[PDB]
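Structure, as structure tokens:
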Number of protein chains: 2
Amino acid sequence: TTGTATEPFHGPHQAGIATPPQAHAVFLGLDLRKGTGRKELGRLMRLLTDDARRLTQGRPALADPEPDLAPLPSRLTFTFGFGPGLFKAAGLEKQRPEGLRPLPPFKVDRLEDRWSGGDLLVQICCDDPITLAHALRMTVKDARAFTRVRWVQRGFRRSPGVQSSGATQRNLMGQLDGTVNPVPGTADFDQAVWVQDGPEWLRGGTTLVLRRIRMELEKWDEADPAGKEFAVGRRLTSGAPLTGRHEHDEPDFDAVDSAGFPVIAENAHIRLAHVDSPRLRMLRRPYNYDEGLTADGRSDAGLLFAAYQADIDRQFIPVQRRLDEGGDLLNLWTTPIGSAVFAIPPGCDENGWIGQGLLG
Amino acid sequence: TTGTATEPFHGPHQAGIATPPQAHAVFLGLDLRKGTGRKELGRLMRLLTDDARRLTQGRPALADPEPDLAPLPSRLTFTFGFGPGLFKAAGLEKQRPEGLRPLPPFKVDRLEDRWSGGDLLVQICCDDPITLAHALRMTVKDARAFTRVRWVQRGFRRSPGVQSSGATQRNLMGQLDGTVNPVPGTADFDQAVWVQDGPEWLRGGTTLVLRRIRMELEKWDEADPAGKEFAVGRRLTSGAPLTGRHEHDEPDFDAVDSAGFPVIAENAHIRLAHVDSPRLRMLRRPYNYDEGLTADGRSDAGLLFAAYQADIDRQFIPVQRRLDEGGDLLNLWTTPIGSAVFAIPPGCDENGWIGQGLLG
Ligand code: HEM
Ligand code: HEM
């Protein structure tokens, strides 16, 4: 069933990346306390490893504060990530990937400290929110002594069983989101996602760019539907490129309209975001968020934009830079308010723990 | 797939009450603007009725800001409720039920204005959070001109398919929650829930007591495990009464231990909460909430306690008063921080609108 289903914890890679995105996610951003060094980090990651090892398979954690909430794992997964500040605290500043650093400033940025940065990431995904809540509590319980909570970001996708697996789901702007994306279990995916160069310990792992992007829905509603599709380069209902018919049709960036102007605008989102080389693409694995209203009924909603790639400098920044300097029409209705980066180590087997190659 | 499943909007009763509780809920508490009188309330409820009429069946609302999010309704339901202030503004004090008033003070209360009161309730329930978020957006769009958002309370239960329908689900304290409840499709349920006395307009309707109850999970983890079961009167895992073996075993309130003391404490939750007459019982239809963390790792979680009954004075207050005056052991780890009451009108058909019998 949806409840008894599990995702393996062990493997060459950490789960929660190639894993088809579950219905719910929480991104826990932690800062290290002063007394938390390499020794303490080792004890912590061993604690959290075994917690994930048990919980993801429906078994209570060690010293579980509520073991009856451990069953029904619902494809629970844990993904741990190390921020730039982690390495200095560990005395391993040399093994920090040179590419692992806070993203540079962009003109559209309205970043807030409460949604940015972080020394240690715990990404917990699950098809069930009760199972997720319990997993979060256990995580905090074992991380409490060594860290402070910098932020916690919750997001959702479709509930399990609403749409078939692999089918593209819509975001809170009504747009089909995830059409062009590296496919798990393919060569292009492995090259695009998993690290092969750089520091040894990170090989088999990846890097995460997590950006909290607010959807300016008040402005969005006042926009012209033709203008909305034009801004993206795809139709709302079908999800097809404006040059095409079906969702999976290849956009024609050389096509022009009756006026000789590009059908897909020069500053259309998918044009500026596109990279011709599949091996340089980023894995987008986003979650939607919707959190409360002002008295005048203005929404606080958007996207937890989670991008995974082997090299931030080669695979993310160039794209984000083109969106910014290219004057992406979508920037009129979206605003980055948070940004964090993490190095996600390789997976482990029954005889190890996440981050052993670094902290061991 | 389950996205296409719907619940009837039309009927003698509003949906979202007898309806088997969906995986997600938003309780939207609205305060009327100064100029919003009976005329304005009529226009508002006609707008909201039609929105629900279309959206619950997977059709876009009129002036829908994002029509592509209307399909796949996932058992979306709307339940509208009128607070005490609604009747004042509409000049229909004569039609206000005697019992429709803010609840009396209780010792355990730590109520906050930001979680209490409200003139107009829109209770939106759905098995899918994207569908839910869209429904909320449309509700606010048409309500903005007439009302201010007093509060929005988001809650969740198990995702669809995680547990078989009707099976008791656990709360964030790990406790099986919902064992003793009136059952739809029985005469006792109708007697307990649907109004058949008082002013004419409300017949076929019901009343809602909505209380935001914080869970003191800090103390809860520190609590003695045997004391936790003793506090409730049931075992954690099995859910059985301490006098029994299975969940649905009848609690024996006359039973004593070998020392001659009651097996179920005189101040046990279920003892103080129990009522002999099934027809006097309240319908409990709660949702769980989990909302963020302090720097030092303290959770902010609890229960959205939604109780439905034909008569607040006869079915809710007597129970709540016994829990308070009786010194319910569960009060050591639970704290009411919000309280609101609403009169829920009967259902409508085509050509009709919710609250028409009152406001029309
Ligand atoms: C912030 C809110 C955003 C929304 C609502 C959004 C929406 C979309 C949509 C509707 C598509 C077309 C369907 C698809 O291929 O997935 C798309 C494509 C894409 N987006 Fe975004 N996007 C957002 C931000 C970003 C950002 C910040 C990046 C940074 C890299 C990005 C990278 C991409 C890429 C690489 C594609 C693939 C385009 C292609 O090759 O055809 N998106 N996005
Ligand atoms: C966080 C707050 C609360 C929690 C965690 C909680 C938990 C529970 C549990 C575990 C049970 C036994 C299983 C069941 O029969 O559902 C129960 C029963 C019950 N509760 Fe509560 N409860 C809470 C607040 C309240 C409040 C404020 C009321 C006010 C009336 C209430 C009324 C009842 C009733 C009527 C029963 C049925 C007991 C019986 O007749 O055997 N509960 N509750």
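For neighbour counting, all protein chains shown are included, and Cβ atoms are generated from backbone atoms with ideal geometry for every residue, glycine included. Every number in this text was worked out from the coordinates using simple rules, so none of it is lab data.
Residue ranges A:11-23, A:287-299 sort as A:11-23, A:287-299 when ordered by packing (mean number of other C-beta atoms within 10 Å per residue, highest first). Remark: B:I317, B:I270 ranked as B:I317, B:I270, counting other beta-carbon atoms within 10 Å and listing the fewest first.
Exposure proxy shown here: for B:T77, A:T237, the number of other Cβ atoms within 10 Å sets the order, fewest to most, as A:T237, B:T77. A Förster radius of 41 Å, combined with the Cβ-Cβ distance separating A:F261 from B:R59, puts the computed FRET efficiency at roughly 0.70.
Go ahead and collect, in residue order, the members of region A:1-39 whose backbone nitrogen is under 15 Å from a label point 7 Å along the Cα-Cβ direction of A:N351. Counting backbone N atoms under 15 Å from the label point, the list is A:11-12. Relative to the longest principal axis of the Cα atoms of chain A, the long axis of helix A:129-143 lies at roughly 50 degrees.
The overall shape of region B:35-112 is oblate: from the C-alpha gyration tensor, with semi-axes ordered a ≥ b ≥ c, the ratio a/c is 1.5 or greater and a/b is no larger than b/c. Shape of the protein assembly as shown from the C-alpha gyration tensor: oblate (a/c of 1.5 or more and a/b not above b/c, with a ≥ b ≥ c the square roots of its eigenvalues).
Can you give the helix-only mean residue ellipticity at 222 nm for chain B, where every DSSP H stretch with n ≥ 4 adds -39500 (n - 2.57) and the sum goes over all residues, rounded to the nearest 500 deg cm²/dmol? Taking each H run of at least 4 residues, the total per residue is -6500 deg cm²/dmol. Relative to the other identical copies, B:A223 shows label-point distances of 4.9 nm, where the label point lies 7 Å from Cα along the Cβ direction and values run shortest first. Toward the positive end of the charge dipole of chain B, with +1 on the Cβ of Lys and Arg and -1 on the Cβ of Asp and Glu, the farthest Cα among B:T294, B:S116, B:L55 is that of B:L55.
Working from label points 7 Å from Cα in the Cα-to-Cβ sense, the B:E93 to B:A145 distance is 3.0 nm. Spacing of the modelled spin labels on A:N181 and A:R110, each 7 Å from Cα toward Cβ, amounts to 2.6 nm. Each of B:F9, A:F106 was scored by other Cβ atoms within 10 Å of its Cβ. Arranged with the fewest first, they read A:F106, B:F9.
Given that compact globular proteins tend to follow 2.2 N^0.38 Å, what is the ratio of the alpha-carbon Rg of chain A to that value?
On the way: Rg = 20.5 Å, N = 360, 2.2 N^0.38 = 20.6 Å.
Normalised by 2.2 N^0.38 Å, the Cα Rg of chain A equals 1.00.
Placing a label point 7 Å from Cα along the Cα-to-Cβ direction at A:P67 gives distances to the equivalent points in the other copies of 5.6 nm, listed shortest first. How big is Rg to Rh over region B:230-301, alpha-carbon atoms, Rh as the Kirkwood inverse-mean-distance radius? Computed over Cα atoms, the ratio is 1.11.
With its label point defined 7 Å out from Cα along the Cα-to-Cβ axis, A:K88 lies at 5.7 nm from the matching points of the other copies, in increasing order. Each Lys and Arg Cβ is given +1 and each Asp and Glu Cβ -1; about its Cα centre, region A:260-360 then shows a dipole of about 320 debye. For chain A, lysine pairs separated by 8 or more sequence positions, or belonging to different chains, with Cα-Cα distances below 25 Å total 10.
Given their separation in residues at 0.36 nm each and the Cα-Cα distance between them, B:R314 and B:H10 gain 106.6 nm when the chain is fully extended. Helix A:38-55 and the long axis of chain A differ in direction by around 80°, with both axes built from C-alpha atoms.
When chain B is treated as a Gaussian network with alpha carbon springs shorter than 10 Å, the biggest mean-square fluctuation among B:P73, B:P60, B:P225 belongs to B:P225.
Here r is the Cβ-Cβ distance between A:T294 and B:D252 and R0 is 60 Å; the resulting FRET efficiency, rounded to 0.05, is 0.70.
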